[PDB]
Amino acid sequence: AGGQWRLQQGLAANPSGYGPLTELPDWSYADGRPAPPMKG
Amino acid sequence: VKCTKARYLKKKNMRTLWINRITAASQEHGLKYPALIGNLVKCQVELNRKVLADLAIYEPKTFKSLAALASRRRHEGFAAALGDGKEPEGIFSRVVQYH
Amino acid sequence: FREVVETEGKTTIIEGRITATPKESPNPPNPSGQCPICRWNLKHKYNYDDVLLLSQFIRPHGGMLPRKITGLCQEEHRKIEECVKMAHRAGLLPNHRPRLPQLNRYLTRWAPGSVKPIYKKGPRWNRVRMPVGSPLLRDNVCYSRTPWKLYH
Amino acid sequence: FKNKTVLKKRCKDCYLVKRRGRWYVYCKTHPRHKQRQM
Amino acid sequence: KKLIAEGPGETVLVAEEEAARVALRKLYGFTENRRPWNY
Amino acid sequence: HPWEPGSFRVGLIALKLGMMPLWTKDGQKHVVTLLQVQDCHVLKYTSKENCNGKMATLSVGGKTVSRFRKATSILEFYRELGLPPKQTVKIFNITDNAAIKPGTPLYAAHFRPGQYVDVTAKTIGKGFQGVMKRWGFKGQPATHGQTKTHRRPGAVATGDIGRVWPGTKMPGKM
Amino acid sequence: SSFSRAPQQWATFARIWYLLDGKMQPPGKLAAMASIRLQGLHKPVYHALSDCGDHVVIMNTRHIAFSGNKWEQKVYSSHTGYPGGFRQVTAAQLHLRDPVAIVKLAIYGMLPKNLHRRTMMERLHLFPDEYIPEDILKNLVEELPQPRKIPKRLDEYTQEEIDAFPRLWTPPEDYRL
Amino acid sequence: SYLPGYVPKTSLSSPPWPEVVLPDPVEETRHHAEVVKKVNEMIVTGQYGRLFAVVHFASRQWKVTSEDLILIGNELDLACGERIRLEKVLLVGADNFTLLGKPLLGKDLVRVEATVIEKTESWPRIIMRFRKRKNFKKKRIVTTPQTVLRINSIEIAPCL
Amino acid sequence: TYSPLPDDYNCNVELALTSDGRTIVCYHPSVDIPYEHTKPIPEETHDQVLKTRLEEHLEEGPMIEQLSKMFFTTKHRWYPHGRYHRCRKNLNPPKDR
Ligand SMILES: [Mg+2]
Ligand SMILES: [Mg+2]
Ligand SMILES: [Mg+2]
Ligand SMILES: [Zn+2]
């Protein structure tokens, strides 16, 4: 849904493609340490 | 083979009953599923159908708030259809630019 | 308008008398319009239910008025005559029941008695679908996205 | 009486009308001119 | 002219006793929507 | 109340004794059945509202029989009514104006000559019988090599149908 | 929430008695809404296995209207089962013989073809007239609105509406009418 | 007297839906400010109770609270008993209010903490492929790894 | 004054935005059920009448159709099943929460 809208706005048609919804890290240590990158 | 082939059917059936629950909840709040999802996407909320259904079930107040948001976005879209430019864009129709 | 009466022992008197002639409103919204629909912006924005203007183009018995006197387009005249047939068939005009010595119904193009029943409906690709409304009102503005479905 | 797809007025007295869902042609002077629409 | 609790029930007696239970929970602070336990 | 147009009258039950002849003024013969009426009491009345039918209904009994070979509820009904048992209890549709009190005997004088009537009753039990004498089929001939096929029904239905139409005439209890 | 387990489950999976008036409304639309509510799509806890249906009541089924000449050309057809038992009847004759059967068959077609169809159809209730038995007009909850609007008659249009609506043209005086 | 575009009242002379008008943007900004102010003040006072939050994790969304379990169909490379902070959250909701992002919320506003409880191989799933009258029959067994977490606590920041 | 939805049946809802406009907030206090939209609630000579003991038992068809009409369902589900299904039924099923 909304793929063409996202395209004309400048975002990925599928939000899983790129952007902060997928590129950010999905887990880090509670002490504030950065987790290693995901293979994806 | 049926155990294998039933997996994607499970996927589809659950998606269908999620969307049906959501359509019902919206229609009893006064909205329709297509406009609801379009408005939410335009307002930048990526809530998939399963959590939308769980929200509509367990916390109807929050689902009602989401429906209100979607309706206001519909009305902003109608004002924009009247005048695309030459006007102040909708407050919720505004988007965030990332880089 | 004029009212005629034919009335005495062995003698009879026929007489026609003028009557009160109503008039239109003094502010036509759209000048340079030869038909009333164009003078008032009513070309594609009327139906059977909005009978207020239909009551203007009918006789007390329920008869249609002539184009030569009413001053309408041919297309609009046939539009309103079909629409008035629809209204009568729905029964919205009880006072105009013509002259003398059961079922609810609406949106009926043709007459009820004339139509024969379809004892068989064909397959999907050549089905005998049921008519509704008329192609005449097809041009009417449709606020909905889907168009008017005239044949069920 | 006879049924024709296309109708034709044989004489001026023949008059064509639309009755009970179909086109008819009636002539009282020449009844044999009566003509149904198929 | 002010509500404290409502209760569903098969019968009116069950409904009113359940409403009493709800009000008691609300007053004692053991509502299901209470602050979780801090560790 | 007196008779009115369209009204009806309660029927009754009788016992068939047999047949005998009758002769007319013209010398013509007419066979005629005798119908005997022993007790023929009324049993029950209903309202057309209670019944929810097109017309009110009464109940009439037939023959008095042993009070021993019945059910306890039926015997209670017959006692609280006051009359003995009746092996048959039939129903008669009737207008409301013709309401009759229970416990009233129905004698044969309800009818008169020069009158027409209808009669319903159970048929003679022939049991499980053949298609021919049940329905009236011709059957099959006897000679010309008919191999154990004389009184059979023959065919039943077509081949494409692959089944048998309900309501078909075959042997059964007659 | 702060509710008890069994009472909460009961209140969630409870049934409801809805009412709708079919006077001058289309059987198709009213039966469609009734059917969705019978199988229970309207509630967000819908599942086929969970019998979460609701009881429905239609009112004034006799006073329904079709769109078009359907009263004449629509044919309800049924085979009794015997040879020549193929019967066809217009909606008009079928309404005269049984004013409820139209809406009944409509919902029977709208509904899914599961064994729950009969259960839902007996949940549903129908009455051709403005009259209802005591218990089944007592144990109601809500009357949902109608699908379509009723166009008004000239005897119904008040005078102020008429004189506000402008007259369109001036007739010549010399006309019999 | 009548505007040219004027039209009498009929069935479809105007749309079927009711006419609507949006409020003034200045008054609306004032309203936004008032609502945000009161919400921040109330959550600082500590009126709320439980907190349910949505989280994007393992390529999919979940609704979670504190003291609740969650399963994921992959291996994280985390020793059991260890704690982690979940970053992505679509919204957070309490009994009287909710906060949802565009798309997601800020890092400083929330802090979702989850502990690892269990690492397992999934129960044996079977993959059989069969085609008809071509002796095409094949099977395989898979035991996907799966990790169990428990959401231990959620707290929000007054920052807003 | 402009409202998106009628705030009279579940909760009085309002939306709002941060100053930067990156997060939305909703304030949705539930509704208080008015008092006005409510309803109010509802052998002598001798003993042993308190027994009030009446025993009626029907046979299969009548009782099943009676209780089916009373629960608004069909007669089919009421008929018993066979030992096959009775023993295949799991007796101690899992339960959650
Ligand atoms: Mg022979
Ligand atoms: Mg041989
Ligand atoms: Mg032989
Ligand atoms: Zn001729």
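Along every chain, residues receive numbers from 1 upward following the written sequence, which is not necessarily the numbering found in the entry; those without coordinates are excluded from display. All chains are assigned letters beginning with A, and all ligands numbers beginning with 1, in the order in which they are written. These chains belong to a larger assembly; the numbers reported describe only the chains shown. Excluded from the side-chain calculation are hydrogens and water; included are all heavy atoms of the structure.

In the PDB header, cryo-EM is given as the technique by which the entry was determined, and 4 Å as its resolution.

In the PDB, the structure is listed with the title "Human mitochondrial ribosome in complex with ribosome recycling factor".

Caption draft 1: The overall build of chain D, seen in detail. Scanning chain D for helices and strands turns up 0 helices and 4 strands. Numbering goes from the N terminus for both helices and strands, where a helix is a DSSP run of H or I of at least four residues and a strand is a run of E of at least two. In chain D, the succession of α and β elements from N to C terminus is β-β-β-β. Projected onto its principal axes, the C-alpha coordinates of chain D cover approximately 25 × 15 × 15 Å. Across the 38 residues in chain D, those meeting the buried criterion constitute 21%. At a minimum sequence separation of 6, the contacts of chain D that also span at least 24 residues come to 33%. Here the accessible surface of atoms and residues is derived via Shrake-Rupley with a 1.4 Å probe, and residues count as covered only by protein chains that are part of the display. As displayed, chain D offers around 3300 Å² of accessible surface, 51% of which is attributable to carbon and sulfur atoms. Using a 1.4 Å probe on the protein chains alone, a residue whose accessible area is under 20% of its type maximum counts as buried, one over 50% counts as exposed, and one in between counts as partly exposed. Contacts are assigned to residue pairs with any non-hydrogen atoms lying within 4.5 Å of each other.

Caption draft 2: Main features of helix 1 (residues 25-45) of chain H. Residues and elements named next belong to chain H. End to end, helix 1 covers 30 Å across 21 residues, agreeing with the expected 30 Å (1.5 Å per residue, within 8%). Within helix 1, burial applies to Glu-28, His-32, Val-35, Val-36, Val-39 and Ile-43. End-on, the buried residues of helix 1 take up no more than an arc of 95°, which puts them together on one face. Among the exposed residues of helix 1, those pointing more than 90 degrees away from its buried face are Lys-37, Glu-41 and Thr-45. By this rule, a helix spans an expected 1.5 Å times one less than how many residues it contains. In this context, the arc is that of the directions from the helix axis out to the C-beta atoms.

Caption draft 3: Main features of a nonpolar patch on the surface. Nonpolar side chains (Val, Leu, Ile, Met, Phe, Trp, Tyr) within 5 Å and like charges within 9 Å form the patches, drawn only from residues with over 30% relative accessible area and no salt bridge. We define a salt bridge as a contact between a side-chain nitrogen of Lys or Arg and a carboxyl oxygen of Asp or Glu at a distance within 4 Å. Side chains of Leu-24, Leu-27, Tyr-28 and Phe-30 of chain E sit close together on the surface and give an oily, nonpolar patch of about 510 Å² of accessible area. You can see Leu-24 of chain E is positioned in helix 1 (residues 12-28).

Caption draft 4: Representation of the packing of aromatic side chains. Stacked, tilted and edge-to-face are the three classes applied to pairs of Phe, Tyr and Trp rings, where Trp contributes its six-membered ring and a pair requires centres within 6.5 Å; stacked means planes under 30 degrees apart, edge-to-face means over 60, and tilted covers the rest. According to the stated counting rule, one finds 12 aromatic pairs over all chains in the structure shown. Taking 5.8 Å as the distance between ring centres and 85° as the angle between the ring planes, the aromatic pair formed by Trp-27 of chain A and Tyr-29 of chain A counts as edge-to-face. The exposure class assigned to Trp-27 of chain A is buried, which follows from its relative accessible area of 8%. On the numbers, 6.2 Å between centres and 75° between planes, the contact of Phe-1 of chain D with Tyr-24 of chain D is edge-to-face. Of this pair, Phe-1 of chain D sits in the segment before strand 1 (3-4) while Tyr-24 of chain D is found in strand 3 (residues 22-26), placing the two residues 23 residues apart along the sequence. Taking relative accessible area as the criterion, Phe-1 of chain D reaches 39% and is therefore assigned partly exposed. For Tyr-24 of chain D, a relative accessible area of 6% corresponds to the buried category. Through a chain of ring-to-ring contacts, the aromatic side chains of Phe-1, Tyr-15, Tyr-24 and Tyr-26 of chain D assemble into a single cluster.

Caption draft 5: The arrangement of the sheet that holds strand 1 of chain D in detail. Residues and elements named next belong to chain D. What the 4 strands build is an open sheet, ordered 1-4-3-2; its pairing is mixed. In the strand order of this sheet, the two ends are held by strand 1 and strand 2 (15-19), each with one partner. One bridge is not enough; two strands pair if DSSP finds at least two bridges between them. The pairing of strand 3 with strand 4 (residues 35-37) spans 2 bridges and is classified as antiparallel. Of the residues in strand 4, the one forming a bridge with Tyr-24 is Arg-36.

Caption draft 6: Representation of unusual backbone geometry. Omega for the bond connecting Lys-102 of chain H with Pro-103 of chain H falls within 30 degrees of zero, at 0°, which places this linkage in the cis form. In this structure, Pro-103 of chain H sits in the loop between strand 6 (97-101) and strand 7 (110-121). Here the phi dihedral of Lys-10 of chain C falls at roughly 75°; this positive angle occurs in a residue that is not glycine. For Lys-10 of chain C, the position within the fold is in the loop between strand 1 (2-6) and strand 2 (14-18). Positive phi, normally seen in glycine, also occurs at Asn-41 of chain C, with a value near 65°. Classification of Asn-41 of chain C by relative accessible area gives partly exposed; the value is 23%.

Caption draft 7: Representation of a negative patch on the surface within the structure. All names here are of chain G. Think of it this way: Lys and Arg go in the positive column, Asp and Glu in the negative one, and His and the chain ends go nowhere. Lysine's charge is taken at NZ, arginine's at CZ, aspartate's at CG and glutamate's at CD. A cluster of acidic residues, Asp-129, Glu-130, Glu-142 and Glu-143, forms a negative patch at the surface. Among the secondary structure elements, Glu-143 is positioned in strand 6 (residues 142-143). For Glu-143, a relative accessible area of 49% puts it in the partly exposed group.

Caption draft 8: Here's a closer look at the environment of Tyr-119 of chain C. Along the polypeptide, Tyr-119 of chain C turns up in the segment after helix 3 (74-90). Judged by its relative accessible area of 56%, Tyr-119 of chain C falls in the exposed class. In this structure, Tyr-119 of chain C is in contact with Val-75 and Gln-88 of chain G, ignoring residues within four places of it in sequence.

Caption draft 9: Inspection of the interface of chain G and chain C at higher detail. At the interface, 39 residues of chain G touch 50 residues of chain C. Throughout, buried area stands for the accessible area (probe radius 1.4 Å) lost by two parts on being put together, summed over both. Between chain G and chain C, the buried area comes to about 4500 Å², and carbon and sulfur atoms account for 63% of it. In terms of surface lost to chain C, no three residues of chain G exceed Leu-168, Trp-169 and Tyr-175 of chain G, which account for 17% of the buried area on that side. The interface formed by chain G and chain C contains 1 salt bridge. A salt bridge links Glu-72 of chain G to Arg-105 of chain C; the shortest N-O distance between them is 3.6 Å. Whenever a nitrogen or oxygen atom comes within 3.5 Å of another N or O atom, the pair is scored as a polar contact, on the condition that within protein one atom can donate a hydrogen and the other can accept it, and that pairs from neighbouring residues in sequence are kept only if both atoms are in side chains. Connecting chain G to chain C are 16 residue pairs in polar contact. Residue contributions to the side of chain G that touches chain C peak at 4 residues, all from helix 3 (residues 70-73) of chain G. Residues belonging to the side of chain G that touches chain C are distributed by class as follows: 20 nonpolar, 9 polar and 10 charged. Charged means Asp, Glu, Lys or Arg here, nonpolar means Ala, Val, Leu, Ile, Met, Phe, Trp, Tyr, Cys or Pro, and polar covers whatever is left, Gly included.

Caption draft 10: Looking closely at the sheet that holds strand 6 of chain G. All names here are of chain G. Strand order in the open sheet formed by 4 strands is 5-2-1-6, and the pairing between neighbours is parallel. Every interior strand has two partners, whereas the edge strands, strand 5 (125-127) and strand 6, have only one. In terms of strand pairing, strand 2 (residues 55-59) meets strand 5 through 3 bridges, oriented parallel. Among the inter-strand pairings, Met-59 is bridged to a residue of strand 5, identified as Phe-127.

Caption draft 11: Up close: the interface of chain C and chain H. If you look at the interface, chain C gives 14 residues, while chain H gives 16 residues. Across the interface of chain C and chain H, roughly 1200 Å² is buried in total on both sides, 65% from carbon and sulfur atoms. The largest share of the area that chain C buries against chain H comes from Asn-27, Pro-29 and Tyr-143 of chain C, three residues that together contribute 45% of it. Here the side of chain C that touches chain H is composed, by residue class, of 6 nonpolar, 5 polar and 3 charged.

Caption draft 12: Structural detail: the environment of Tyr-107 of chain F. Assignment of secondary structure puts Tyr-107 of chain F in the loop between strand 5 (89-94) and strand 6 (128-129). For the pair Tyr-107 of chain F and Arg-9 of chain F, spaced 98 residues apart in the sequence, the C-alpha separation amounts to 14 Å.

Caption draft 13: How the structure looks around the pairing of strand 10 (residues 145-156) of chain H. Residues and elements named next belong to chain H. Pairing geometry for strand 3 (residues 68-72) and strand 10, over 5 bridges, is antiparallel. Following the sheet pairing, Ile-72 is matched in strand 10 by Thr-147. As paired strands, strand 7 and strand 10 are joined by 11 bridges and run antiparallel to one another. Bridge assignment links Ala-114 to a residue of strand 10, and that residue is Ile-151.

Caption draft 14: Expanded view of the nonpolar core. The definition of a nonpolar core used throughout is a set of buried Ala, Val, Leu, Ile, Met, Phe, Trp, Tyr and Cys residues joined through side-chain atoms within 4.5 Å. Of all hydrophobic cores here, the largest spans 38 residues; its most connected members are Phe-57, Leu-86, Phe-97 and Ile-156 of chain H. Here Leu-86 of chain H is in contact with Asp-26 of chain A together with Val-55, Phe-57, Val-112, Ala-114 and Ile-151 of chain H, once residues within four sequence places are set aside. Counting residues in hydrophobic clusters, the runner-up holds 35 residues, among them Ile-37, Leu-52 and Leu-55 of chain B together with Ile-24 of chain I.

Caption draft 15: Region of interest: the arrangement of the chains. Among the 15 pairs of chains that make contact, the interface with the largest number of contacts is formed by chains C and G. For the non-touching pair chain B and chain E, the nearest C-alpha separation works out to 12 Å. Kept free of each other, chain E and chain F leave a smallest C-alpha distance of 34 Å between them.

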